[PDB]
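A.B. asks:
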Amino acid sequence: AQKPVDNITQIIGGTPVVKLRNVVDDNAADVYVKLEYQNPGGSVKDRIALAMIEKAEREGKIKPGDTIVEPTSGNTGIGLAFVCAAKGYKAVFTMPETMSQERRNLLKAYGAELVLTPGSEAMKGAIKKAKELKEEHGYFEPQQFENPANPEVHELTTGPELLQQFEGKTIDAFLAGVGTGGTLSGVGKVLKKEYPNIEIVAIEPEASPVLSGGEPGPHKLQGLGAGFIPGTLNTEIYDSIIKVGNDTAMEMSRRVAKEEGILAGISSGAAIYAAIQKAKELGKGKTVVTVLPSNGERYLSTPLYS
Amino acid sequence: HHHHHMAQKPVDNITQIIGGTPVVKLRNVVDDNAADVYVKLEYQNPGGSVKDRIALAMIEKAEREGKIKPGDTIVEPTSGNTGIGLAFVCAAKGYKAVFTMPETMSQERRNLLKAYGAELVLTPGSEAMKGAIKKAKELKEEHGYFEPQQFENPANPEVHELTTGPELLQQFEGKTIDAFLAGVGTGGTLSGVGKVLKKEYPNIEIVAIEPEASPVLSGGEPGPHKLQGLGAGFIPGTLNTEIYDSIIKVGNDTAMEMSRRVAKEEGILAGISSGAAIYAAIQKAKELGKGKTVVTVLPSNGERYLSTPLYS
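The listed protein sequences correspond, in order, to chains A and B. Numbers given in the authors' numbering equal positions in the first sequence, counted from 1, plus 1. Mapping the second sequence onto the authors' numbering, position 202 (from 1) lands on 197, and the numbers just tick up by one.
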């Protein structure tokens, strides 16, 4: 048990890794999952929310008391609301008025202010309002899809944690779903330098296979498939891409919760499904690692666990 | 190499992550001329609450004793965090779980338990908990299912004696804990932690927290209340009725307002029982003054209660 800390953000990072036991055939490679939902705010986005705020502090772009704006209502918005509450910043989030009441409460619970944009304008309307607050009112915009602090914090923390966790053991493949791409790009850079023969695998939705050259489309892999190539994604870092369908990822999330006792979101089900293909392709004795970005309890209002 | 927090090497299954929960000093909701207030984040258990500890301990002892073996079915009449912890542990260890509850339990909660593969047996909502308890016993007698019994199983207070307590006691080595406060549901946390802290800190004050609207420890009548996880309506067998030196009653609105203050001002988003424990801990922190040290436990996370009035 860790000694007392003065601030909850000091708990961000140092997440555990669990070997999968039942959803992987014993003929395949070992599969390990990093539980990023063990971050105190509930997801991997804790890490970039802290890094984005810390970097802006260092560079004098913000000081505690200042106001932040980001066009998101997902895990990055929760992470920013959490980090801003913990560090004394005011968080403003723009989102379409169609966003759920449960998610609005969670953001408002941390003291964040919500700016609702026209529902038909969807995400594009939220981005426009955020650009207006940044350019015409001086709000600081973290910009999760372009801020280099995003892939860099995974280069400095998530990746080296995996290196410590797999000391003396070789990792044969690392797989991660691509949202902003910061996880895959930053962990990938660190693992490839330490394990030059590792395979880095990007995971993306079958229904929106933008990295594979296909067309953006609606999909149910929440957290994945942004519909474009993020500035935070190093497209050179991955050797291959695995596409996962909506139903396939949901089925595996249900399997992992019931047979491993690990309750994670649909993007984690996609990651574990892809990690299990790679394991079977690599065979016994090899080592496959992936990341579980979020907890299944955040998605009880979705068809994931209905 | 050197820019990351230390991370534990891989474990063979998720139950090995239970325990070892961190402690955070409160900064803003507590005056500096009051005693320091420290909170142990039991919602950092992998299943989301303090109940992971007793779910694992109860199942593991039943194995050690030979009462159950993997593949067997567990039955428990509950819908709260104990059911979640038990569903979580049963999935992790290869047990079947059957829970009874009144049909007025929320749908999101039904999905949570079912996500782990537990069965939900619904009883007439007008028979309330008595109906869920009766159905559990009928199934227990009919099929020989093991019943953990969260309010009677000695493994419940014992695991807090063997893990939660020694954790704090190594988390506070070289410091004096002046008061330890804990809300009483089963009473296992207060009983087990209190026993261990008392042995190390002879002058420590052990405080039970219960709802003002159902103060059964104080000798009042059990009544409806809003402090989820607290106020069982009876004195549980797992509560050591001699461990606590004093009792603090907390009202419904008081705990809710503290939970919202802590979420906005500390960035710590916890359930309503945590707001009650923090309110009582600050009250205790005010009377005994600067320099002293009060410690309490936050049993669950605020995200579990988004559909309740706590955060609407």
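We put the beta carbon where it would ideally sit given N, CA and C, even for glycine.
Do you know whose CA, among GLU133/A, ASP27/A, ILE9/A, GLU156/A, lies nearest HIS(-1)/B's CA?
C.D. replies: Ranking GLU133/A, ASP27/A, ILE9/A, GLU156/A by Cα distance to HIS(-1)/B puts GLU156/A first.
A.B. asks: When Cβ atoms are compared, which residues of the region 44 to 65 of chain B fall closer than 8 Å to chain C?
C.D. replies: In the structure shown, chain C cannot be found, because the protein chains are A and B.
A.B. asks: Let me know the secondary structure DSSP gives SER268/B once reduced to three states.
C.D. replies: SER268/B falls in the helix class under three-state DSSP.
A.B. asks: Using the three-state DSSP reduction, which class does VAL245/A fall into: helix, strand or coil?
C.D. replies: DSSP places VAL245/A in strand when its eight states are reduced to three.
A.B. asks: Would the beta-carbon of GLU261/A fall within 8 Å of that of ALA87/B?
C.D. replies: Yes, the pair counts as a contact, with Cβ atoms nearer than the cut-off.
A.B. asks: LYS259/B and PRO206/B: beta carbons closer than 8 Å?
C.D. replies: Cβ distance not < 8 Å, so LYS259/B and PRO206/B don't count as in contact.
A.B. asks: Is there at least one Cβ from chain B nearer than 8 Å to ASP7/A's Cβ?
C.D. replies: Interface residue, yes.
A.B. asks: In the DSSP output, what is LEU185/B paired with across the bridge?
C.D. replies: Partner(s): none; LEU185/B has no beta bridge.
A.B. asks: Can you tell me the Cα-Cα spacing of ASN76/B and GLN223/B, whole angstroms?
C.D. replies: If you take the alpha carbons of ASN76/B and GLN223/B, they lie about 9 Å apart.
A.B. asks: What is the residue span of the beta strand (DSSP E) that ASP31/A lies within?
C.D. replies: Residues 31 to 36.
A.B. asks: Any residues in the region 155 to 180 of chain B with a beta carbon nearer than 7 Å to a beta carbon of chain A? Which ones, in chain order?
C.D. replies: Within the region 155 to 180 of chain B, the residues whose Cβ lies closer than 7 Å to some Cβ of chain A are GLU162, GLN165, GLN166, listed in chain order.
A.B. asks: Quick one: which chain B residues come within Cβ less than 7 Å of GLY126/A?
C.D. replies: The premise fails here: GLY126/A is roughly 25 Å from chain B at the closest Cβ pair, so nothing lies under 7 Å.
A.B. asks: Between which two residues does the beta strand (DSSP E) holding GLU114/A run?
C.D. replies: First-last of the beta strand (DSSP E) with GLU114/A: 114 to 118.
A.B. asks: Can a CB atom of chain B be found closer than 8 Å to the CB of residue 1/A?
C.D. replies: For chain A, the structure presents residues 2 to 307; residue 1/A sits outside this window and is missing.
A.B. asks: Apart from the five residues on each side of it in sequence, which residues of its chain come closer than 7 Å, Cβ to Cβ, to residue 1/A?
C.D. replies: In the structure as shown, chain A starts at 2 and stops at 307, and residue 1/A therefore has no counterpart that could be examined.
A.B. asks: Tell me where the alpha helix (DSSP H) around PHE83/B begins and ends.
C.D. replies: Element bounds for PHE83/B: 76 to 88.
A.B. asks: Under DSSP, the beta strand (DSSP E) around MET124/B begins and ends at which residues?
C.D. replies: Note, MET124/B: premise wrong, no beta strand (DSSP E); alpha helix (DSSP H) at 123 to 138.
A.B. asks: Cα-Cα, which of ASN151/A, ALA110/A, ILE63/A, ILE199/A is closest to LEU283/A?
C.D. replies: The shortest Cα separation from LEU283/A among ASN151/A, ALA110/A, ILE63/A, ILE199/A belongs to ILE199/A.
A.B. asks: Could you give the residue range of the alpha helix (DSSP H) that holds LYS109/B?
C.D. replies: Element bounds for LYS109/B: 102 to 110.
A.B. asks: Quick check: what's the CA-CA separation for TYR239/B versus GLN165/B?
C.D. replies: C-alpha separation (whole angstroms): 22 Å.
A.B. asks: Can you find a C-beta in chain B that's less than 8 Å from the C-beta of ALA86/A?
C.D. replies: Judged by the 8 Å Cβ criterion, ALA86/A is in contact with chain B.
A.B. asks: Helix, strand or coil: which one does DSSP assign to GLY297/B?
C.D. replies: In the structure shown, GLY297/B sits in a helix (DSSP, three-state: H, G or I).
A.B. asks: Using the rule of at least 16 other Cβ atoms within 10 Å of the residue's Cβ for burial, across every protein chain shown, is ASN28/A buried or exposed?
C.D. replies: Exposed, by the Cβ-count rule.
A.B. asks: Give, in chain order, every residue of the region 93 to 110 of chain A whose Cβ lies closer than 9 Å to some Cβ of chain B.
C.D. replies: Going along the region 93 to 110 of chain A in chain order, one finds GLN102, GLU103, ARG104, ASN106, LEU107, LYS109, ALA110 with a Cβ nearer than 9 Å to chain B.
A.B. asks: Which residue marks the beginning of the alpha helix (DSSP H) containing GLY160/A, and which one marks its end?
C.D. replies: 160 to 166 is the span of the alpha helix (DSSP H), which, as asked, contains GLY160/A.
A.B. asks: Exposed or buried, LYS279/A, counting other C-beta atoms within 10 Å across all chains shown (16 or more means buried)?
C.D. replies: Counting Cβ neighbours within 10 Å, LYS279/A comes out buried, since at least 16 surround it.
A.B. asks: Which one or two residues does DSSP pair with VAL19/A in a beta bridge?
C.D. replies: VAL19/A is bridged to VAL34/A, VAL6/B.
A.B. asks: Using a Cβ-Cβ cutoff of less than 7 Å, which residues in the same chain neighbour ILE9/A once the five nearest sequence positions on both sides are dropped?
C.D. replies: For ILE9/A, where only same-chain residues beyond five positions count, the Cβ hits under 7 Å are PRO41, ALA87.
A.B. asks: Return the first residue and the last residue of the alpha helix (DSSP H) that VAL154/A is part of.
C.D. replies: Taken as a continuous stretch (DSSP letters only), the alpha helix (DSSP H) holding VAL154/A covers 150 to 154.
A.B. asks: Along the region 11 to 29 of chain A, where does the CB come closer than 7 Å to a CB of chain B? Name the residues.
C.D. replies: Here the close residues are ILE12, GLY14, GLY15, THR16, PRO17, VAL18, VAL19, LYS20, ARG22.
A.B. asks: Less than 8 Å between CB atoms is the rule here; does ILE69/A satisfy it with respect to chain B?
C.D. replies: No, because no Cβ of chain B sits closer than 8 Å to the Cβ of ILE69/A.
A.B. asks: Please confirm if the region 137 to 150 of chain A is in contact with the region 42 to 56 of chain A, defined as three or more CB-CB distances below 8 Å between the two stretches.
C.D. replies: Yes, the region 137 to 150 of chain A is in contact with the region 42 to 56 of chain A.
A.B. asks: Under a three-way DSSP split, which group does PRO41/B fall into?
C.D. replies: In the structure shown, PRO41/B sits in coil (DSSP, three-state: anything other than H, G, I, E or B).
A.B. asks: For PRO219/A, does the three-state DSSP call read helix, strand or coil?
C.D. replies: The answer is coil: DSSP assigns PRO219/A none of H, G, I, E or B.
A.B. asks: With DSSP as the reference, identify every bridge partner of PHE175/A, one or two as the case may be.
C.D. replies: The partner list for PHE175/A (beta bridge, DSSP) reads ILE201/A, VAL290/A.
A.B. asks: Is the region 182 to 196 of chain B touching the region 159 to 174 of chain B, taking contact as three or more C-beta pairs under 8 Å?
C.D. replies: The region 182 to 196 of chain B vs the region 159 to 174 of chain B: in contact.
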